[PDB]
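Data block below; observations after.
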Number of protein chains: 2
Amino acid sequence: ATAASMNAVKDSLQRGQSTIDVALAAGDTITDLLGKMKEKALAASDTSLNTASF
Amino acid sequence: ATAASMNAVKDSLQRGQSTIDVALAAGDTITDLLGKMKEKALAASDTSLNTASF
């Protein structure tokens with residue numbers, strides 16, 4: 001009975017791994033977006049821009 | 001992200017170079033006109049001129 005109980009443990013571990021995989025994909029896209037906004041903030045930091053570019 | 005962020009810095013430096021180039025062209029024109037004024041001032045400083053040429 002104890003040996004047969006391991007299947008639920010394996011299912012729970014695989015479920016956690018899938019959840020972390022989905023979170024990792026979301027984190028990848030979020031870091032891409034974060035880098036792009038840092039580029040935008042540096043570009044807008046310049047005082048030689050006109051109003052429209054800002 | 002830090003490496004990819006350098007494009008904004010490059011663009012800002014290029015914009016500064018373009019602004020300085022425009023300023024230097026206008027300054028070249030202004031110095032040419034200033035030399036012309038100095039020539040006219042020396043010409044008009046002569047006391048033998050009649051009122052018309054002055």
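If you're wondering about the labels, chains in the structure tokens are A, B, ... by order shown, residues count from 1 in each chain, ligands from 1 in order shown.
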Quick one: which residues from chain B are at most 12 Å off chain A, using only C-alpha atoms, as a tab-separated table (two decimals) with N, CA, C and O atoms, in the first residue's frame?
```
chain	number	residue	atom	x	y	z
B	1	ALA	N	20.47	42.78	-21.12
B	1	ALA	CA	19.64	43.97	-21.16
B	1	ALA	C	20.49	45.23	-21.14
B	1	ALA	O	20.24	46.18	-21.91
B	2	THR	N	21.53	45.25	-20.30
B	2	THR	CA	22.43	46.40	-20.27
B	2	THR	C	23.14	46.59	-21.60
B	2	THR	O	23.32	47.73	-22.05
B	3	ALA	N	23.53	45.50	-22.26
B	3	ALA	CA	24.21	45.62	-23.55
B	3	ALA	C	23.27	46.14	-24.62
B	3	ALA	O	23.63	47.03	-25.40
B	4	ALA	N	22.05	45.60	-24.69
B	4	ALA	CA	21.08	46.06	-25.68
B	4	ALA	C	20.62	47.48	-25.42
B	4	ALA	O	20.11	48.13	-26.34
B	5	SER	N	20.78	47.98	-24.20
B	5	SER	CA	20.31	49.33	-23.87
B	5	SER	C	21.20	50.44	-24.43
B	5	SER	O	20.81	51.61	-24.34
B	6	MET	N	22.37	50.12	-24.99
B	6	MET	CA	23.31	51.14	-25.45
B	6	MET	C	22.86	51.86	-26.72
B	6	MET	O	23.46	52.88	-27.09
B	7	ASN	N	21.84	51.34	-27.41
B	7	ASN	CA	21.39	51.98	-28.64
B	7	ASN	C	20.82	53.37	-28.38
B	7	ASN	O	21.02	54.28	-29.20
B	8	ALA	N	20.13	53.56	-27.26
B	8	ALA	CA	19.62	54.88	-26.92
B	8	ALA	C	20.76	55.86	-26.68
B	8	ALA	O	20.69	57.03	-27.10
B	9	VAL	N	21.83	55.41	-26.02
B	9	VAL	CA	22.99	56.26	-25.80
B	9	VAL	C	23.62	56.65	-27.13
B	9	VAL	O	23.97	57.82	-27.35
B	10	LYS	N	23.77	55.68	-28.03
B	10	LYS	CA	24.34	55.97	-29.35
B	10	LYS	C	23.49	56.99	-30.10
B	10	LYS	O	24.02	57.94	-30.69
B	11	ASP	N	22.17	56.82	-30.06
B	11	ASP	CA	21.28	57.75	-30.76
B	11	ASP	C	21.37	59.15	-30.17
B	11	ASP	O	21.36	60.14	-30.91
B	12	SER	N	21.46	59.25	-28.84
B	12	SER	CA	21.56	60.57	-28.22
B	12	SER	C	22.86	61.27	-28.60
B	12	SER	O	22.86	62.47	-28.89
B	13	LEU	N	23.97	60.53	-28.63
B	13	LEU	CA	25.23	61.15	-29.04
B	13	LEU	C	25.18	61.59	-30.50
B	13	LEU	O	25.70	62.66	-30.86
B	14	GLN	N	24.55	60.79	-31.37
B	14	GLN	CA	24.42	61.19	-32.77
B	14	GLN	C	23.57	62.45	-32.91
B	14	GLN	O	23.88	63.33	-33.72
B	15	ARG	N	22.50	62.55	-32.12
B	15	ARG	CA	21.66	63.75	-32.14
B	15	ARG	C	22.45	64.97	-31.69
B	15	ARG	O	22.32	66.06	-32.27
B	16	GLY	N	23.28	64.81	-30.66
B	16	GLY	CA	24.12	65.92	-30.23
B	16	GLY	C	25.10	66.35	-31.31
B	16	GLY	O	25.32	67.55	-31.52
B	17	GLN	N	25.69	65.39	-32.01
B	17	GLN	CA	26.59	65.73	-33.11
B	17	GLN	C	25.87	66.51	-34.20
B	17	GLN	O	26.41	67.48	-34.75
B	18	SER	N	24.65	66.09	-34.54
B	18	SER	CA	23.90	66.80	-35.58
B	18	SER	C	23.57	68.23	-35.16
B	18	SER	O	23.70	69.17	-35.96
B	19	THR	N	23.17	68.41	-33.90
B	19	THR	CA	22.89	69.76	-33.41
B	19	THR	C	24.14	70.64	-33.48
B	19	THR	O	24.08	71.79	-33.94
B	20	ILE	N	25.28	70.10	-33.05
B	20	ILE	CA	26.51	70.88	-33.10
B	20	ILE	C	26.91	71.19	-34.54
B	20	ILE	O	27.44	72.27	-34.82
```
What does chain B look like once superposed on chain A, all Cα atoms paired in sequence order, least squares? Give it as a PDB file with N, CA, C and O atoms, in the first residue's frame.
```
ATOM      1  N   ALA B   1       0.959  -1.314   0.031  1.00  0.00           N
ATOM      2  CA  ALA B   1       0.101  -0.136  -0.056  1.00  0.00           C
ATOM      3  C   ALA B   1       0.929   1.142  -0.053  1.00  0.00           C
ATOM      4  O   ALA B   1       0.672   2.061  -0.843  1.00  0.00           O
ATOM      5  N   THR B   2       1.948   1.203   0.807  1.00  0.00           N
ATOM      6  CA  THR B   2       2.824   2.370   0.825  1.00  0.00           C
ATOM      7  C   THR B   2       3.551   2.547  -0.503  1.00  0.00           C
ATOM      8  O   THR B   2       3.717   3.678  -0.971  1.00  0.00           O
ATOM      9  N   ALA B   3       3.977   1.448  -1.129  1.00  0.00           N
ATOM     10  CA  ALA B   3       4.673   1.553  -2.405  1.00  0.00           C
ATOM     11  C   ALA B   3       3.737   2.025  -3.509  1.00  0.00           C
ATOM     12  O   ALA B   3       4.095   2.905  -4.299  1.00  0.00           O
ATOM     13  N   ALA B   4       2.533   1.458  -3.577  1.00  0.00           N
ATOM     14  CA  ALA B   4       1.576   1.871  -4.597  1.00  0.00           C
ATOM     15  C   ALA B   4       1.077   3.290  -4.382  1.00  0.00           C
ATOM     16  O   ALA B   4       0.570   3.905  -5.325  1.00  0.00           O
ATOM     17  N   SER B   5       1.205   3.823  -3.167  1.00  0.00           N
ATOM     18  CA  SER B   5       0.707   5.162  -2.885  1.00  0.00           C
ATOM     19  C   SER B   5       1.579   6.280  -3.455  1.00  0.00           C
ATOM     20  O   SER B   5       1.164   7.442  -3.401  1.00  0.00           O
ATOM     21  N   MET B   6       2.765   5.972  -3.988  1.00  0.00           N
ATOM     22  CA  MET B   6       3.688   7.006  -4.456  1.00  0.00           C
ATOM     23  C   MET B   6       3.244   7.678  -5.751  1.00  0.00           C
ATOM     24  O   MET B   6       3.831   8.703  -6.132  1.00  0.00           O
ATOM     25  N   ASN B   7       2.246   7.126  -6.444  1.00  0.00           N
ATOM     26  CA  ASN B   7       1.798   7.722  -7.698  1.00  0.00           C
ATOM     27  C   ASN B   7       1.200   9.106  -7.483  1.00  0.00           C
ATOM     28  O   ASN B   7       1.389  10.000  -8.317  1.00  0.00           O
ATOM     29  N   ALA B   8       0.485   9.307  -6.374  1.00  0.00           N
ATOM     30  CA  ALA B   8      -0.054  10.628  -6.076  1.00  0.00           C
ATOM     31  C   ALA B   8       1.062  11.640  -5.844  1.00  0.00           C
ATOM     32  O   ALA B   8       0.972  12.790  -6.293  1.00  0.00           O
ATOM     33  N   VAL B   9       2.125  11.225  -5.154  1.00  0.00           N
ATOM     34  CA  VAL B   9       3.267  12.107  -4.936  1.00  0.00           C
ATOM     35  C   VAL B   9       3.911  12.477  -6.264  1.00  0.00           C
ATOM     36  O   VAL B   9       4.240  13.648  -6.513  1.00  0.00           O
ATOM     37  N   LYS B  10       4.088  11.487  -7.143  1.00  0.00           N
ATOM     38  CA  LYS B  10       4.674  11.760  -8.452  1.00  0.00           C
ATOM     39  C   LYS B  10       3.819  12.745  -9.240  1.00  0.00           C
ATOM     40  O   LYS B  10       4.340  13.690  -9.850  1.00  0.00           O
ATOM     41  N   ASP B  11       2.501  12.548  -9.222  1.00  0.00           N
ATOM     42  CA  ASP B  11       1.607  13.433  -9.956  1.00  0.00           C
ATOM     43  C   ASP B  11       1.657  14.850  -9.403  1.00  0.00           C
ATOM     44  O   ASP B  11       1.638  15.823 -10.167  1.00  0.00           O
ATOM     45  N   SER B  12       1.722  14.988  -8.076  1.00  0.00           N
ATOM     46  CA  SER B  12       1.782  16.319  -7.479  1.00  0.00           C
ATOM     47  C   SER B  12       3.069  17.040  -7.863  1.00  0.00           C
ATOM     48  O   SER B  12       3.048  18.238  -8.178  1.00  0.00           O
ATOM     49  N   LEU B  13       4.199  16.329  -7.854  1.00  0.00           N
ATOM     50  CA  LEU B  13       5.449  16.967  -8.260  1.00  0.00           C
ATOM     51  C   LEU B  13       5.416  17.368  -9.734  1.00  0.00           C
ATOM     52  O   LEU B  13       5.922  18.437 -10.105  1.00  0.00           O
ATOM     53  N   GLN B  14       4.817  16.534 -10.587  1.00  0.00           N
ATOM     54  CA  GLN B  14       4.705  16.899 -11.998  1.00  0.00           C
ATOM     55  C   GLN B  14       3.826  18.134 -12.184  1.00  0.00           C
ATOM     56  O   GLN B  14       4.128  19.004 -13.014  1.00  0.00           O
ATOM     57  N   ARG B  15       2.738  18.228 -11.417  1.00  0.00           N
ATOM     58  CA  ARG B  15       1.881  19.408 -11.479  1.00  0.00           C
ATOM     59  C   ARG B  15       2.635  20.660 -11.045  1.00  0.00           C
ATOM     60  O   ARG B  15       2.487  21.731 -11.654  1.00  0.00           O
ATOM     61  N   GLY B  16       3.453  20.542  -9.999  1.00  0.00           N
ATOM     62  CA  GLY B  16       4.259  21.678  -9.583  1.00  0.00           C
ATOM     63  C   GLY B  16       5.244  22.107 -10.653  1.00  0.00           C
ATOM     64  O   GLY B  16       5.439  23.307 -10.890  1.00  0.00           O
ATOM     65  N   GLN B  17       5.866  21.137 -11.328  1.00  0.00           N
ATOM     66  CA  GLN B  17       6.779  21.474 -12.418  1.00  0.00           C
ATOM     67  C   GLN B  17       6.056  22.206 -13.540  1.00  0.00           C
ATOM     68  O   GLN B  17       6.583  23.174 -14.100  1.00  0.00           O
ATOM     69  N   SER B  18       4.850  21.754 -13.890  1.00  0.00           N
ATOM     70  CA  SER B  18       4.102  22.419 -14.955  1.00  0.00           C
ATOM     71  C   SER B  18       3.744  23.853 -14.574  1.00  0.00           C
ATOM     72  O   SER B  18       3.861  24.775 -15.399  1.00  0.00           O
ATOM     73  N   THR B  19       3.316  24.060 -13.326  1.00  0.00           N
ATOM     74  CA  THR B  19       3.001  25.411 -12.874  1.00  0.00           C
ATOM     75  C   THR B  19       4.227  26.315 -12.945  1.00  0.00           C
ATOM     76  O   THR B  19       4.148  27.455 -13.430  1.00  0.00           O
ATOM     77  N   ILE B  20       5.375  25.814 -12.485  1.00  0.00           N
ATOM     78  CA  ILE B  20       6.589  26.620 -12.531  1.00  0.00           C
ATOM     79  C   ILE B  20       7.000  26.906 -13.972  1.00  0.00           C
ATOM     80  O   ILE B  20       7.511  27.990 -14.271  1.00  0.00           O
ATOM     81  N   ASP B  21       6.784  25.958 -14.886  1.00  0.00           N
ATOM     82  CA  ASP B  21       7.123  26.190 -16.288  1.00  0.00           C
ATOM     83  C   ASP B  21       6.295  27.327 -16.877  1.00  0.00           C
ATOM     84  O   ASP B  21       6.824  28.206 -17.577  1.00  0.00           O
ATOM     85  N   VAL B  22       4.987  27.324 -16.601  1.00  0.00           N
ATOM     86  CA  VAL B  22       4.141  28.414 -17.083  1.00  0.00           C
ATOM     87  C   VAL B  22       4.608  29.742 -16.500  1.00  0.00           C
ATOM     88  O   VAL B  22       4.695  30.763 -17.207  1.00  0.00           O
ATOM     89  N   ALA B  23       4.937  29.743 -15.205  1.00  0.00           N
ATOM     90  CA  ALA B  23       5.402  30.969 -14.570  1.00  0.00           C
ATOM     91  C   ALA B  23       6.687  31.473 -15.213  1.00  0.00           C
ATOM     92  O   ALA B  23       6.853  32.679 -15.410  1.00  0.00           O
ATOM     93  N   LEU B  24       7.606  30.564 -15.547  1.00  0.00           N
ATOM     94  CA  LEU B  24       8.866  30.975 -16.157  1.00  0.00           C
ATOM     95  C   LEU B  24       8.667  31.537 -17.558  1.00  0.00           C
ATOM     96  O   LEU B  24       9.356  32.489 -17.940  1.00  0.00           O
ATOM     97  N   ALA B  25       7.738  30.977 -18.336  1.00  0.00           N
ATOM     98  CA  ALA B  25       7.456  31.558 -19.648  1.00  0.00           C
ATOM     99  C   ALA B  25       6.922  32.984 -19.513  1.00  0.00           C
ATOM    100  O   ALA B  25       7.398  33.917 -20.191  1.00  0.00           O
ATOM    101  N   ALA B  26       5.949  33.179 -18.618  1.00  0.00           N
ATOM    102  CA  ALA B  26       5.421  34.526 -18.418  1.00  0.00           C
ATOM    103  C   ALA B  26       6.494  35.477 -17.900  1.00  0.00           C
ATOM    104  O   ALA B  26       6.540  36.649 -18.303  1.00  0.00           O
ATOM    105  N   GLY B  27       7.376  34.991 -17.027  1.00  0.00           N
ATOM    106  CA  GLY B  27       8.440  35.836 -16.520  1.00  0.00           C
ATOM    107  C   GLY B  27       9.432  36.226 -17.595  1.00  0.00           C
ATOM    108  O   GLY B  27       9.944  37.346 -17.597  1.00  0.00           O
ATOM    109  N   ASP B  28       9.722  35.309 -18.519  1.00  0.00           N
ATOM    110  CA  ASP B  28      10.592  35.648 -19.640  1.00  0.00           C
ATOM    111  C   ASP B  28       9.989  36.780 -20.460  1.00  0.00           C
ATOM    112  O   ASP B  28      10.680  37.754 -20.806  1.00  0.00           O
ATOM    113  N   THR B  29       8.687  36.688 -20.741  1.00  0.00           N
ATOM    114  CA  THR B  29       8.021  37.780 -21.450  1.00  0.00           C
ATOM    115  C   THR B  29       8.137  39.092 -20.677  1.00  0.00           C
ATOM    116  O   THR B  29       8.433  40.150 -21.258  1.00  0.00           O
ATOM    117  N   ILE B  30       7.932  39.036 -19.360  1.00  0.00           N
ATOM    118  CA  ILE B  30       7.936  40.256 -18.557  1.00  0.00           C
ATOM    119  C   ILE B  30       9.323  40.895 -18.526  1.00  0.00           C
ATOM    120  O   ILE B  30       9.449  42.121 -18.600  1.00  0.00           O
ATOM    121  N   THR B  31      10.384  40.091 -18.417  1.00  0.00           N
ATOM    122  CA  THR B  31      11.727  40.671 -18.432  1.00  0.00           C
ATOM    123  C   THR B  31      12.065  41.274 -19.790  1.00  0.00           C
ATOM    124  O   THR B  31      12.744  42.309 -19.861  1.00  0.00           O
ATOM    125  N   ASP B  32      11.606  40.653 -20.880  1.00  0.00           N
ATOM    126  CA  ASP B  32      11.815  41.276 -22.186  1.00  0.00           C
ATOM    127  C   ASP B  32      11.150  42.651 -22.242  1.00  0.00           C
ATOM    128  O   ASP B  32      11.766  43.644 -22.668  1.00  0.00           O
ATOM    129  N   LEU B  33       9.905  42.736 -21.769  1.00  0.00           N
ATOM    130  CA  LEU B  33       9.220  44.025 -21.766  1.00  0.00           C
ATOM    131  C   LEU B  33       9.891  45.030 -20.833  1.00  0.00           C
ATOM    132  O   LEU B  33       9.912  46.230 -21.129  1.00  0.00           O
ATOM    133  N   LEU B  34      10.441  44.568 -19.708  1.00  0.00           N
ATOM    134  CA  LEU B  34      11.126  45.470 -18.785  1.00  0.00           C
ATOM    135  C   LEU B  34      12.392  46.045 -19.407  1.00  0.00           C
ATOM    136  O   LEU B  34      12.699  47.232 -19.227  1.00  0.00           O
ATOM    137  N   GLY B  35      13.147  45.221 -20.133  1.00  0.00           N
ATOM    138  CA  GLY B  35      14.303  45.744 -20.842  1.00  0.00           C
ATOM    139  C   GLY B  35      13.906  46.762 -21.893  1.00  0.00           C
ATOM    140  O   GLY B  35      14.578  47.790 -22.069  1.00  0.00           O
ATOM    141  N   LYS B  36      12.795  46.508 -22.587  1.00  0.00           N
ATOM    142  CA  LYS B  36      12.308  47.488 -23.553  1.00  0.00           C
ATOM    143  C   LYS B  36      11.932  48.800 -22.869  1.00  0.00           C
ATOM    144  O   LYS B  36      12.241  49.886 -23.379  1.00  0.00           O
ATOM    145  N   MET B  37      11.286  48.723 -21.699  1.00  0.00           N
ATOM    146  CA  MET B  37      10.989  49.948 -20.959  1.00  0.00           C
ATOM    147  C   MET B  37      12.246  50.692 -20.549  1.00  0.00           C
ATOM    148  O   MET B  37      12.264  51.925 -20.585  1.00  0.00           O
ATOM    149  N   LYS B  38      13.282  49.980 -20.110  1.00  0.00           N
ATOM    150  CA  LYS B  38      14.505  50.675 -19.723  1.00  0.00           C
ATOM    151  C   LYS B  38      15.121  51.387 -20.918  1.00  0.00           C
ATOM    152  O   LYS B  38      15.608  52.520 -20.797  1.00  0.00           O
ATOM    153  N   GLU B  39      15.090  50.747 -22.089  1.00  0.00           N
ATOM    154  CA  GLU B  39      15.587  51.412 -23.290  1.00  0.00           C
ATOM    155  C   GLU B  39      14.789  52.680 -23.585  1.00  0.00           C
ATOM    156  O   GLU B  39      15.368  53.737 -23.876  1.00  0.00           O
ATOM    157  N   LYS B  40      13.458  52.604 -23.486  1.00  0.00           N
ATOM    158  CA  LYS B  40      12.642  53.793 -23.731  1.00  0.00           C
ATOM    159  C   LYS B  40      12.894  54.879 -22.693  1.00  0.00           C
ATOM    160  O   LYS B  40      12.870  56.070 -23.026  1.00  0.00           O
ATOM    161  N   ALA B  41      13.125  54.494 -21.437  1.00  0.00           N
ATOM    162  CA  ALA B  41      13.384  55.477 -20.390  1.00  0.00           C
ATOM    163  C   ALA B  41      14.698  56.205 -20.631  1.00  0.00           C
ATOM    164  O   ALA B  41      14.773  57.429 -20.472  1.00  0.00           O
ATOM    165  N   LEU B  42      15.746  55.471 -21.018  1.00  0.00           N
ATOM    166  CA  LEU B  42      16.991  56.136 -21.392  1.00  0.00           C
ATOM    167  C   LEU B  42      16.802  57.040 -22.601  1.00  0.00           C
ATOM    168  O   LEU B  42      17.390  58.126 -22.657  1.00  0.00           O
ATOM    169  N   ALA B  43      15.989  56.618 -23.573  1.00  0.00           N
ATOM    170  CA  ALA B  43      15.757  57.462 -24.743  1.00  0.00           C
ATOM    171  C   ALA B  43      15.046  58.756 -24.362  1.00  0.00           C
ATOM    172  O   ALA B  43      15.377  59.828 -24.881  1.00  0.00           O
ATOM    173  N   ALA B  44      14.072  58.678 -23.456  1.00  0.00           N
ATOM    174  CA  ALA B  44      13.306  59.853 -23.056  1.00  0.00           C
ATOM    175  C   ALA B  44      14.012  60.706 -22.011  1.00  0.00           C
ATOM    176  O   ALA B  44      13.599  61.850 -21.791  1.00  0.00           O
ATOM    177  N   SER B  45      15.055  60.187 -21.359  1.00  0.00           N
ATOM    178  CA  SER B  45      15.797  60.985 -20.390  1.00  0.00           C
ATOM    179  C   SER B  45      16.608  62.092 -21.047  1.00  0.00           C
ATOM    180  O   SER B  45      16.989  63.050 -20.366  1.00  0.00           O
ATOM    181  N   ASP B  46      16.895  61.975 -22.342  1.00  0.00           N
ATOM    182  CA  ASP B  46      17.653  63.000 -23.045  1.00  0.00           C
ATOM    183  C   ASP B  46      16.843  64.292 -23.058  1.00  0.00           C
ATOM    184  O   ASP B  46      15.640  64.284 -23.332  1.00  0.00           O
ATOM    185  N   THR B  47      17.512  65.406 -22.763  1.00  0.00           N
ATOM    186  CA  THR B  47      16.838  66.690 -22.640  1.00  0.00           C
ATOM    187  C   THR B  47      16.702  67.433 -23.964  1.00  0.00           C
ATOM    188  O   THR B  47      15.986  68.439 -24.016  1.00  0.00           O
ATOM    189  N   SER B  48      17.363  66.975 -25.026  1.00  0.00           N
ATOM    190  CA  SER B  48      17.299  67.664 -26.308  1.00  0.00           C
ATOM    191  C   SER B  48      16.065  67.302 -27.123  1.00  0.00           C
ATOM    192  O   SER B  48      15.812  67.947 -28.146  1.00  0.00           O
ATOM    193  N   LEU B  49      15.298  66.299 -26.706  1.00  0.00           N
ATOM    194  CA  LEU B  49      14.142  65.869 -27.480  1.00  0.00           C
ATOM    195  C   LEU B  49      13.051  66.932 -27.487  1.00  0.00           C
ATOM    196  O   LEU B  49      12.863  67.664 -26.513  1.00  0.00           O
ATOM    197  N   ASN B  50      12.336  67.012 -28.604  1.00  0.00           N
ATOM    198  CA  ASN B  50      11.149  67.842 -28.706  1.00  0.00           C
ATOM    199  C   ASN B  50       9.992  67.126 -28.007  1.00  0.00           C
ATOM    200  O   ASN B  50      10.053  65.927 -27.723  1.00  0.00           O
ATOM    201  N   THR B  51       8.935  67.886 -27.708  1.00  0.00           N
ATOM    202  CA  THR B  51       7.800  67.336 -26.972  1.00  0.00           C
ATOM    203  C   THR B  51       7.148  66.164 -27.700  1.00  0.00           C
ATOM    204  O   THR B  51       6.611  65.257 -27.053  1.00  0.00           O
ATOM    205  N   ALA B  52       7.177  66.161 -29.035  1.00  0.00           N
ATOM    206  CA  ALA B  52       6.473  65.128 -29.789  1.00  0.00           C
ATOM    207  C   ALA B  52       7.089  63.750 -29.564  1.00  0.00           C
ATOM    208  O   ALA B  52       6.378  62.778 -29.275  1.00  0.00           O
ATOM    209  N   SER B  53       8.413  63.644 -29.695  1.00  0.00           N
ATOM    210  CA  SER B  53       9.070  62.361 -29.465  1.00  0.00           C
ATOM    211  C   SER B  53       8.956  61.932 -28.010  1.00  0.00           C
ATOM    212  O   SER B  53       8.824  60.735 -27.720  1.00  0.00           O
ATOM    213  N   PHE B  54       8.989  62.891 -27.086  1.00  0.00           N
ATOM    214  CA  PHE B  54       8.802  62.568 -25.678  1.00  0.00           C
ATOM    215  C   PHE B  54       7.423  61.966 -25.438  1.00  0.00           C
ATOM    216  O   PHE B  54       7.287  60.989 -24.697  1.00  0.00           O
TER     217      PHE B  54
END
```
- Message: What parts of chain B does DSSP call alpha helix (DSSP H)? I'd like the answer as a PyMOL selection string.
- Response: chain B and resi 6-45
